[PDB]
Structure formats: C-alpha cells, structure tokens
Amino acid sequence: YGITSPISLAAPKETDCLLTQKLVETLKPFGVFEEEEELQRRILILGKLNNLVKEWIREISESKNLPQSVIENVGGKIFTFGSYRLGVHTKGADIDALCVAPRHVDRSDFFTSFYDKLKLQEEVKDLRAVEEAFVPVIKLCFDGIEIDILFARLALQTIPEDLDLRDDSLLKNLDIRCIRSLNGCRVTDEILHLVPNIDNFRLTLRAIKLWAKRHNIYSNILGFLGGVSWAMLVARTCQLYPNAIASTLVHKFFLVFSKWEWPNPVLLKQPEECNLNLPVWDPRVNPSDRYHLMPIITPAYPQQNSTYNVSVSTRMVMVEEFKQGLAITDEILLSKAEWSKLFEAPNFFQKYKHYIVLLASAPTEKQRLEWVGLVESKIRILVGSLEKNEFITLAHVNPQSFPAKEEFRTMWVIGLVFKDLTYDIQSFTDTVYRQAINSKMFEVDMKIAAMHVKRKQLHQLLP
C-alpha cells in the first residue's frame, strides 16, 4: 500500500481485540461518535441537496436548449469530502461538499440560479455567498446543519453517477477556481483508497484527533495540524501495519512519529509528473520547499505540503507530545494504564513557567467574532518574532481560545520556554492593528493587547 514495504504484517491477538474495544468505550463519553439519528438526518439532508443540484442542472440544461437525449442524461451530483466523508466528523462542525456540474453550467449560474433556488427552500437559513474567495463557496444552514458548498464545472457533457474525481485528466484546461474546488474531494478520496482497512483507519483517526485536541496541538492555522494532516499521519501508519487494528495502530502511530526523522516528508503514494503548470511541492526543483520543517504531502495532484505553517516551536512541541503518547500507550498495552490516560488533558496553564496572554475585544459580538478571526491568523507572526529571540526556545500557542457594559472579549494563552519581551509583543500588536486597518478590516474600538506573565501570576487572569 505505501511507498515502502510495511514494517510488520502481524495481525492482532484476542488481547488486542479487547484493548480495541476498551479504546472505543473510553471514546464515547467524549462524543467522538456522532449519534446515529443525526447521521441519518444528515444523510437525508444531503439527499435533498443532491436532488436540488440535479433539479437545478436539469433546469439550466433546458434553458440552454440542449437535446433530450442529453437533458435527461445530464448528471449533476454533490460530493462530500473532508471529515464527514472520512467518517470522523467533528460534532459542531459543518459538512463540506462539492457540487459537480457538466460543461454547460457556469460558475455564474451557481451563484445566481442555484443560489436563488436554495434561497427559497424551507430548510435553508443563513444563506450567504462568498464567491470571491480562494475557493468560491456558498455557505448555509440546511435544516440546522451547517453546510459549505464548492462548485466545479467539468469538461463533460454529462456527470456520470460513477464519476471518480481522482482522474487527473479531469483538471486539464480547467479554471484554477474550478481546480482548487476539486482538491478537497481528490485528497479525501485518495486517502480512502490509500489505506488497507478503512474501518481500522477510521477508529484510529478518531482517537488521534481527540488526542491532538486534548493536547493542545490541533490547529492548521496556528502551525500545528488540521484534520486532513492528522488523517494522513494515521493513514501512513495504517499502510505500515496493514493487518493491525486501532488498538495497536494508535500505539504504532506514536512509535512511528515520535521517532520520525524530519524534515523527511510523509507521503501516502509516489508523486507523478503532470505538466499542468500547477504548484507542486518538491524540494528537488523548488529550493524554497527545502525550508519546510514537517512536510506531510497530500496525495492528489498537485501534491502540496499540508503543514508548511509548522515552525520550530510547534514541531518541537509536537515531537514531545508524540513521545509522551508513545509512553502512555506502552503502559496501556501492558495494562499499567487505561485508555482514559491518553485523552487526559495536561493543564496547559501549568506546564510552562512563563506565558503571554493575548486579549481581543470588540464593541459587539459580531465584531468579536470577526476580530478574533483576524487576530488568530496573525498569531504566527508573534511566534515568529519570539523564535528569533536569543532568549526564547519555543512558544506554544494553546489553539483553544476562550472568554476573558456588555464585554465581548476573547483570549489566548501562549506557553513560553526560555533558554524584556515588551518590545516583541508591542511590535506584534502594532502589526495586528496596522494590517487589519490597511486591509480595510478594522472597526473602531476593536482591541488587541498582550502581556507577559509568570506561571504563578496567570491565575488572576483566567476564569
């Protein structure tokens, strides 16, 4: 399955079956498993959507006066990708989906006629288009479910039901907006066909994602890993132990990565050359890709490094987390510990001797939401300033922010490790205000401030 022979073909022992069942059981309480009723409800919602897509495309087809041997056979289908597709959807998160339509349907139609169709559907509320983004998307809450819809116009007269979007010939000549909108599905579909046992893969991913979250290292934006990245690490682990079940896979996961020789890239398959002029991660021909610290490459063309935002600080943090994970699973395997110990959250607010507290405020909840989103995307800047400081070894940003007239304030806690800081944090705040204003995304009285604190005096700035 992988690009290398597996490390071991051994299958589990009954001992492991029982350990795998216990793992499943310590997970339920965490809501890791979506409720079946909800899963059924999502399934029925998607079906309705898919029918709305077919309806719409059919309609466009007629207005373009195509023949009936075609109008009747023109397809149209919605494809789900990402987490919900992997079967490890994060309760509270949306459902990502790609609307695949034939040649005769333009993107303009998507944001016009299709958009107006969703507008007049009883279940549709909060309909909002963002057709000017990197990946054009139509967002909406469909019967209480949050959904993101991307559009892709393929060079086909009809969209056959069995269409497999992995086919690299489908991207040829397409507009980049169309190409980008296809990446999610292709990556997801590649992953699923790149693992020896979907089920075992699924359960392991569930565990790993929870683990990363409980350990404050789950965030693509902040330099750690996102869902897709975690999925690829688990998959590589699965390729290596093809007959193992979740129990040993979670353990192997830690053995394998706590010892990974970075920046050697994690690949799910051998990359193939494809003209297309699309950006491809490849240190052999792109000197800039040689600076990536923890490369985890997506398997679909154009292969890209899903973790180029990793810095010395985050990688270091994650390496240490992997080692502790290995240690815990070791004793879980010896029965000297229970699975609950893996998902136990270390007091982030107590593992470092020094911290930086980041405060973001706004005059209204709407703005606090926007503002916080902006500042979050700026935090890596500070982490960068900190690393370039002789006195600092690493900065660990706890990715889970939390609540601090009618105050509307949020705050982050950053862990520091030393080998005073006022200039760097002051520098950071000025940059945040400056960029946010230069990019016309600043509102009066939106505030951001940071203060260095010693572990001992963090208490007074928390609940």
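A residue's number is simply how far along the shown sequence it sits, counting from 1.
According to the PDB entry, the deposited sequence contains 4 to 9 residues between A404 and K405 that lack coordinates. Missing deposited residues between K419 and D420: 10 or more, all without coordinates in the entry. When the mean C-alpha temperature factors of 136-144 and 293-301 are read from the deposited coordinates, 136-144 comes out higher. Look at the mean CA B-factor for 7-15 and for 446-454 in the entry; the higher one is 446-454. Highest C-alpha temperature factor among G415, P67, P29, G47, as the PDB entry reports it: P67. The top Cα temperature factor in the record, among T204, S219, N173, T112, falls on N173. For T431, the recorded CA B-factor ranks within the middle third of the chain. Only modelled residues enter the ranking.
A395: CA B factor lies in the middle third for its chain, per the PDB record. In this PDB entry, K378 carries a Cα temperature factor that places it within the lowest third of its chain's modelled residues. When the modelled residues of the chain are ordered by their C-alpha B factor, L334 lands in the highest third. When the modelled residues of the chain are ordered by C-alpha B-factor, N286 sits in the middle third.
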